[PDB]
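Worksheet: the structure to be examined is printed underneath.
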Number of protein chains: 4
Amino acid sequence: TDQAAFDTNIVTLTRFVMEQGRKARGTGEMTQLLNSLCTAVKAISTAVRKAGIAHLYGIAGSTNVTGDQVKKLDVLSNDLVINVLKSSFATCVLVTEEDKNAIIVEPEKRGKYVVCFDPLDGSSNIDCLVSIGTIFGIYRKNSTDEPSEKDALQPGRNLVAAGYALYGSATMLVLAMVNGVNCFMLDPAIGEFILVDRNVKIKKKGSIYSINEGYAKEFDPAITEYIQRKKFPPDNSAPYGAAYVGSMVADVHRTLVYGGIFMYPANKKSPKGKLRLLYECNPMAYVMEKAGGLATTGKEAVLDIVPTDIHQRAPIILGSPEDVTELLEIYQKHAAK
Amino acid sequence: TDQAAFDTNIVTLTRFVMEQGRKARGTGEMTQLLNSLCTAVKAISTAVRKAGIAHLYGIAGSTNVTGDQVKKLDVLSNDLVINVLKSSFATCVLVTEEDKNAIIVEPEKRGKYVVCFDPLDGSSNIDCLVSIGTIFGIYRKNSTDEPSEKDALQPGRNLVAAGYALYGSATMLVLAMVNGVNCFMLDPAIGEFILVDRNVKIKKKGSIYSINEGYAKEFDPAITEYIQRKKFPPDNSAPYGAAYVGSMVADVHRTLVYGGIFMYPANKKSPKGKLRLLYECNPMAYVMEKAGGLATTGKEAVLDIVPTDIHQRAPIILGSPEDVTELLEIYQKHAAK
Amino acid sequence: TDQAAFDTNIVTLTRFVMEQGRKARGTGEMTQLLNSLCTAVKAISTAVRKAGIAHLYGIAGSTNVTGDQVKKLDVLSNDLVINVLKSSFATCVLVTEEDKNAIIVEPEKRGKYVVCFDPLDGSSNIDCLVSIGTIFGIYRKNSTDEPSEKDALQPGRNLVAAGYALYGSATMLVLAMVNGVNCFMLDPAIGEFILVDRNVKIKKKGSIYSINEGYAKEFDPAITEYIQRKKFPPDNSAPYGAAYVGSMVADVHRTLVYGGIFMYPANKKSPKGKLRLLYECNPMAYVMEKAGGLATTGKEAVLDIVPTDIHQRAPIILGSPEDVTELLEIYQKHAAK
Amino acid sequence: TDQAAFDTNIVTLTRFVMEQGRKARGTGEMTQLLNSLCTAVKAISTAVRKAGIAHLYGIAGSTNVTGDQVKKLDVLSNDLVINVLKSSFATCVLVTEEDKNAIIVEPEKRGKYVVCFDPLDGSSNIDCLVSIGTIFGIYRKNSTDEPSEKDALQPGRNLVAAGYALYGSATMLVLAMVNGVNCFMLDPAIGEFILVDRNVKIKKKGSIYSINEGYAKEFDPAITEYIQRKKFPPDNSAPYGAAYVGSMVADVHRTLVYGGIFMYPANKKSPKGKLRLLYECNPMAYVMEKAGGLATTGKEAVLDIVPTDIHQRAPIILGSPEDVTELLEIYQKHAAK
Ligand SMILES: Nc1ncnc2c1ncn2[C@@H]1O[C@H](COP(=O)(O)O)[C@@H](O)[C@H]1O
Ligand SMILES: Nc1ncnc2c1ncn2[C@@H]1O[C@H](COP(=O)(O)O)[C@@H](O)[C@H]1O
Ligand SMILES: Nc1ncnc2c1ncn2[C@@H]1O[C@H](COP(=O)(O)O)[C@@H](O)[C@H]1O
Ligand SMILES: Nc1ncnc2c1ncn2[C@@H]1O[C@H](COP(=O)(O)O)[C@@H](O)[C@H]1O
Ligand SMILES: O=P(O)(O)OC[C@H]1O[C@](O)(CO)[C@@H](O)[C@@H]1O
Ligand SMILES: O=P(O)(O)OC[C@H]1O[C@](O)(CO)[C@@H](O)[C@@H]1O
Ligand SMILES: O=P(O)(O)OC[C@H]1O[C@](O)(CO)[C@@H](O)[C@@H]1O
Ligand SMILES: O=P(O)(O)OC[C@H]1O[C@](O)(CO)[C@@H](O)[C@@H]1O
């Protein structure tokens, strides 16, 4: 039977990334990438929490505070991420939500990883301090061809590492790799991410659905039937509670932690959904799957879609397996031509 | 004005509060109270963001503490507020959501104000880093008898100051008093709330409705008809967007900034409503009216209700005047008899 | 007292200052001034500790700034103090070490106090992370004429409040006023100075002498004889320990806490002394006398000197009463004629 | 001739440690060690800067704040270092200034490095906020014998990595390895150490000597002659300035940055000096040498001494090469039997 000695342990992200990189016997290029990533997130957390806002408001006379307008969070975050990653000498191509074109890393600093990220997701709404975050996805470059936007166009099934940082009431980094999903809490007093949850698995079935019902008018009959069954359960059991923030990271994170289902279906206006494929759906789909949930467009898996455009959009539904399944069946029941 | 160009100096809460105290020719007792809530909010903020969590997870060796259950945030928060409050020498009665009874302050620290608060609102949801907050309502004692639970039972109309702090992507303090509502952004680098928005006013009409539709099966006919008109406008106008965090300060705050309507009426498991009157409804109503919005229960104004119990619940509907008005109209159409 | 056991509540600077304002039945103008110095000290503290340096070193991409010379600390500090000072509406004249002239405040912001300060003392030594500080002296304006440089030229005996903040291994504010000296420790997690030491008094006699002996070749015979007696006691008692940081606030502060004597007399390249009267000598003298120590030039008390120029220098010797007394005795033995 | 493309770069300690570890083709065990070390320093910086002091002073009623007395800085720092290092699975033996005996790392977490450290050096004096720091030295374990105190007993010449962290007005980490010395500044807003000085070299000759002259009575004739020549230069040039804090890290750091000489000679009381060999002298000697300075006991090199006790002491003189040399000659001039 199992037995044990004495072991007290504090696991920091940095420690974790090195160990895993050691187990994997990697050259350490990816380790440098995750490290640079952790450093990017920390710098975005401090900006999002508003440290320094006083300088923008004339505490030092604002003689020298190029913030005012010449320092928006959306862009600063893009800048920080772009710069910190090129500075890792581990990436060859970067796809950001903020850049129309793929960034092709200078020959001098090229590495083999492709990184698709959304610098400050849900930022449109922080005027009212809504939870925001950073979503990222990492692919290995396969072609021996000169790096190009093309290398970013790989299904989500090909992700080597994927995750997000949630700048909520506290800052969390969720990292998912082949071996699994782990959650790290940022201690902002020492600037270290402490593994607070190891090997995260999502509930089989949850009690919360998450969707923007203002679009009810434009919802396809499958969603309509699902939602109605959530509110008025035929078996006269308890209806699902409802919550929906409007920031993907916040909604998906809650879904992961408490279970349930998140949905941002296709509706005529955004006939192919609103959420972008490469740096929102894919990374979240990958995370969901590593934790044991499902992520579908309604017709097919998100991770199996092959993009033909970096800024391509895709509908998406994710959450506990028994719930996504219950909705997939409903899609099959109405599925035709 | 003699001559003043594009100028705007830095105003800290502390400076602001003191000016207003002098304008009011106060003895400085309320100022010490406001000063103490500020400090209280700053300490909770820090604890919310998880500064120092490393220690809990054994970074310096968990020598011999009684597990992980050392500092439960809602309780730490309760402690901080109560203690920095008693230390202001400005309070005689304190009513807390975490306490079954009203807390009567020792005559040595006994002052004239009665303070109602919710130290950490939305704390059950904290596991998923959702924005949480602190709500406070301040009453001037209007009696000659020993302070008691009774001094807290005054309608919200008798409030002298009310506000809240939202711990979201950034910490913000919204303070409402006789003249208007003002918003202070916390610059954590220096422990100071900077005045970023003054004499705030909610939009006349908004485009977002906030309600937990997981209760649609239990809503009254007016709420039902109302929710239905936002989704499928009878006059074929654009439908209202939907958003509901499930945490009040974040929901009420999004409502104040962008406009729209927030609702928490009674249902089949909370006939009196879920939100508490003294420390949840009244403070947000007072802020709403001061911002130029409305706060109704569907049939009467929240501030006019006469409490009979300190932990009394009450339904509430608050937001932009034109939306709250519209729902009231609907509530009249279905009138009782 | 009625009955009070082992009790001691938390006192923040803000709370303290306000209480003292009420006891003094002030109009609250000095309080706004003290409040503004506090905030000023907190912002400098943060800039000293290097919070946000990453940005300067290109973490978010040095887009197009004019090099590394963006924010020179002594200048940032100057700016902050001056601006948060003018914004208190409590100052008419400001004298700064960084400014050749006295700064006369616009009549709109014009108040009654005159503030002398050294925003960042010991800044040339900052390259090697040595403790630096801020020194302030506050004079009540005693004239009827337009405020001018002249209102600053009052002997230290006319100071209403004086103190300093030391940015060492921790930020501490030492404040001296009519009643006594009190020390506030900055808890950076919450932007609050906690009262840790009240009504402080320097030791009658100490065991450390502080002087830059790199000037032994230029010292007068009394200083020389004095330094000699501490090293080789004539009565064969234990010799005094030596310590000299080369930064005043750190040297004066070590002197206040442990006792002993600090000296900065004239030599062969500074006949008037090196330390400035208005914003270096006077504040530390006032604090020293309030703590129960002495501050002499060797021949006269520092607070009694009548300034003729705002950037006037003066030798100074301060510390425990019995040590300062001993040196004065020696200065008499070698008297002039 | 030399030419170049375009390169913007931010180097964090973590990045630097990984690259160097990659160049060195190490298994990555040492990288994990330096990483754990960086995390230890950050946690000590936050404690030293006093974050959380308010909880000790009853802000939350102190209901749960096991600080008071049951949380001293000296020990906490020891605890943090000991724990964080054992948690790296890279050390087999630890020698701390605070532990009488060598700590022998559990078989389960043994690695091959020996670490000799002083957790909070100069701590005796932080009551007056004097600069303090952390000094560390790392040896590779050579014996194939079970780890023992013995493995710590190696001359300083055998150090693989050595350095210190200075908790001054800002926090700096100085890391010296075979390839050289680099200085990293801690950005406490993001918790990252940014390389601010690359390949540090000390001035050939400095203008400052650093020594505690209170012991003049007991100084050997060599020191006596040296010092006198510093104050009264025979060539009638400028005398050396004098500075001496009383915290080794602070004095040695200043010496490194501006040049000069630091001395803590043998004097009857501490006939073999006061500074301990293994975790004060050795690490500082190693740093000095990698930067091009000298470190001698007066008779022999510090790095060549073979210790026979972990807590052994040793006299020490270090600084610019031309000055240490000028004193070594003076030792030779008086050298006899
Ligand atoms: N920190 C790490 N965690 C998990 N796998 C890693 C890690 N580092 C390297 N690997 C694996 O090793 C591969 C190559 O490592 P590398 O040579 O550094 O590019 C990566 O694509 C990973 O699949
Ligand atoms: N910001 C303020 N500070 C102090 N008093 C205020 C302030 N704003 C309004 N007042 C009024 O002043 C009254 C009494 O002053 P006090 O002696 O401090 O209790 C309060 O109850 C308020 O109605
Ligand atoms: N802490 C304090 N706050 C305000 N006034 C004070 C304080 N301590 C002493 N006083 C006295 O009050 C005087 C005038 O009050 P004021 O109207 O605010 O200018 C000052 O110049 C002081 O002599
Ligand atoms: N980060 C690093 N910087 C410099 N040298 C290193 C580093 N990592 C490993 N090495 C060298 O490689 C040796 C063995 O690496 P390791 O196998 O990890 O124990 C060490 O003793 C070093 O001399
Ligand atoms: O308010 P909507 O239309 O439901 O869109 C919100 C979605 O858009 C985003 O703000 C950006 O794509 C997401 O974070 C979020 O889930
Ligand atoms: O999940 P429910 O039933 O909608 O409760 C949510 C409401 O409860 C609260 O936590 C307070 O009781 C509010 O913050 C929030 O808006
Ligand atoms: O190096 P010196 O000549 O002793 O000057 C040091 C003195 O100068 C100051 O920086 C102020 O001029 C003080 O802080 C300090 O004690
Ligand atoms: O005051 P002294 O006797 O010169 O000793 C100070 C020395 O002792 C320590 O405090 C500890 O060994 C050192 O940091 C410092 O250089």
Scan of region B:81-134 for residues that are of a type in the set (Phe, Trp, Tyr) and within 16 Å of ligand 2 (Cβ to nearest atom), ordered by number: B:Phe89, B:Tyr113
Among A:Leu173, A:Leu153, A:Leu120, which is the only one that is within 16 Å of ligand 1 (Cβ to nearest atom) and either within 12 Å of the chain's Cα centre (by Cα) or not polar (S, T, N, Q) (or both)? A:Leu173
What about B:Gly163, is it in the same structural domain as B:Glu106 (by CATH), closer than 30 Å to A:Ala51 by Cα and either touching a residue at least 40 places away in the same chain (Cβ under 8 Å) or surrounded by fewer than 24 Cβ atoms within 10 Å (Cβ to Cβ) (or both)? yes
I'm told B:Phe184 meets every condition in (1) crowded, with 19+ Cβ neighbours inside 10 Å; (2) outside any helix (DSSP H, G or I); (3) assigned by CATH to the domain that holds B:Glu326 except one. Can you identify the failing condition by its number? (3)
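Of the residues C:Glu98, C:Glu106, only one is touching a residue at least 24 places away in the same chain (Cβ under 8 Å) and part of a loop (DSSP other than H, G, I, E, B); which?
Values: C:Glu106 fails: touching a residue at least 24 places away in the same chain (Cβ under 8 Å).
Checking each option against the conditions leaves just C:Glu98.
Conditions (1) surrounded by fewer than 17 Cβ atoms within 10 Å (Cβ to Cβ); (2) closer than 22 Å to C:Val287 by Cβ, marked per residue:
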residue	(1), (2)
C:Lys71	no, no
C:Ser77	no, yes
C:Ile82	no, no
C:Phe89	no, no
C:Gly111	no, no
C:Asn125	no, yes
C:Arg140	yes, yes
C:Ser148	yes, no
C:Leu159	no, yes
Selection status of D:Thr31, touching a residue at least 12 places away in the same chain (Cβ under 8 Å), within 16 Å of ligand 1 (Cβ to nearest atom), crowded, with 24+ Cβ neighbours inside 10 Å and farther than 30 Å from C:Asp7 by Cα: yes
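Condition check: more than 16 Å from ligand 8 (Cβ to nearest atom), among the aromatic types (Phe, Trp, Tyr) and more than 27 Å from B:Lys42 (Cβ to Cβ). Does D:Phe117 satisfy that? Break it down stepwise before answering.
Details: more than 16 Å from ligand 8 (Cβ to nearest atom): no; among the aromatic types (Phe, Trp, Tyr): yes; more than 27 Å from B:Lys42 (Cβ to Cβ): yes.
The answer is no for D:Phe117.
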Residues located in region B:244-259, provided they are among the aliphatic types (A, V, I, L, M) and buried (at least 24 other Cβ atoms within 10 Å of the Cβ): B:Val245, B:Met248, B:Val249, B:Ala250, B:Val252, B:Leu256
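Go over the candidates B:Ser247, B:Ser270 one by one and state the one that is away from ligand 2 (no atom under 16 Å from the Cβ), within 13 Å of the chain's Cα centre (by Cα) and under 30 Å from A:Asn236 (Cβ atoms).
Values: B:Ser270 fails: within 13 Å of the chain's Cα centre (by Cα).
Checking each option against the conditions leaves just B:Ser247.
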What tally of residues in region D:297-337 results from selecting those that are over 19 Å from D:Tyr286 (Cβ atoms) and of a type in the set (A, V, I, L, M, F, W, C)? 4
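Under the condition of being part of a helix (DSSP H, G or I) and of a type outside the set (D, E, K, R), which residue from region D:284-321 is nearest to D:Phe117 (Cα to Cα)? Reasoning before the result, please.
So in region D:284-321, the residues part of a helix (DSSP H, G or I) come out as D:284-290, D:321.
Applying the additional criterion that residues be of a type outside the set (D, E, K, R) yields D:284-288, D:321.
Details: D:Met284: 12, D:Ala285: 14, D:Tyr286: 14, D:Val287: 14, D:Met288: 17, D:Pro321: 26 Å.
It comes out as D:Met284.
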Test set (1) touching a helix residue (DSSP H, G or I) at 6+ places or on another chain (Cβ under 7 Å); (2) among the small types (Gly, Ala, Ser); (3) farther than 17 Å from D:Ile59 by Cβ - B:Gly67 fails condition number: (1)
Tell me whether region B:277-298 contains one or more residues that are away from ligand 6 (no atom under 14 Å from the Cβ), free of Cβ contacts under 8 Å to residues at least 24 places away in the same chain and not β-branched (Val, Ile, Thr). yes
Restricting attention to region B:271-279, does a residue exist that is surrounded by fewer than 24 Cβ atoms within 10 Å (Cβ to Cβ), outside the structural domain of B:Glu149 (by CATH) and of a type in the set (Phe, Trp, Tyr)? no
Which residues, counting only those in region A:21-47, are in contact with a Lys or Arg (Cβ under 6 Å, 6 or more places away or on another chain) and β-branched (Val, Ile, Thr)? none
Out of (1) crowded, with 24+ Cβ neighbours inside 10 Å; (2) over 30 Å from A:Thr12 (Cα atoms), what's the single condition that is false for B:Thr46? (2)
Restricting attention to region D:191-216, the residues that are within 14 Å of chain A (Cβ to nearest Cβ) and away from ligand 4 (no atom under 16 Å from the Cβ) number exactly 3
Please verify whether C:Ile190 is without any contact (Cβ under 8 Å) to a residue 12 or more places away in the chain, surrounded by 24 or more Cβ atoms within 10 Å (Cβ to Cβ) and of a type in the set (A, V, I, L, M, F, W, C), treating the condition exactly as stated. yes
If a residue has to be out of contact with any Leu (no Cβ under 9 Å at 6 or more places or on another chain) and part of a helix (DSSP H, G or I) to count, how many in region B:109-137 make the cut? 3
From C:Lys203, C:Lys217, C:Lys230, residue being within 16 Å of ligand 8 (Cβ to nearest atom) and more than 30 Å from C:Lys109 (Cβ to Cβ): C:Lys230
Give B:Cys128, B:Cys92 a once-over and let me know the one that is within 16 Å of ligand 5 (Cβ to nearest atom) and either of a type outside the set (S, T, N, Q) or in the same structural domain as B:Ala295 (by CATH) (or both). B:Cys128
If you go through region A:218-241 one residue at a time, how many are touching a strand residue (DSSP E or B) at 6+ places or on another chain (Cβ under 9 Å) and either in a loop (DSSP other than H, G, I, E, B) or facing chain B (nearest Cβ under 8 Å) (or both)? 6
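All of this is worked out from the model, or read from it or from the source named; no laboratory read-out is quoted. For neighbour counting, all protein chains shown are included, and Cβ atoms are generated from backbone atoms with ideal geometry for every residue, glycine included.
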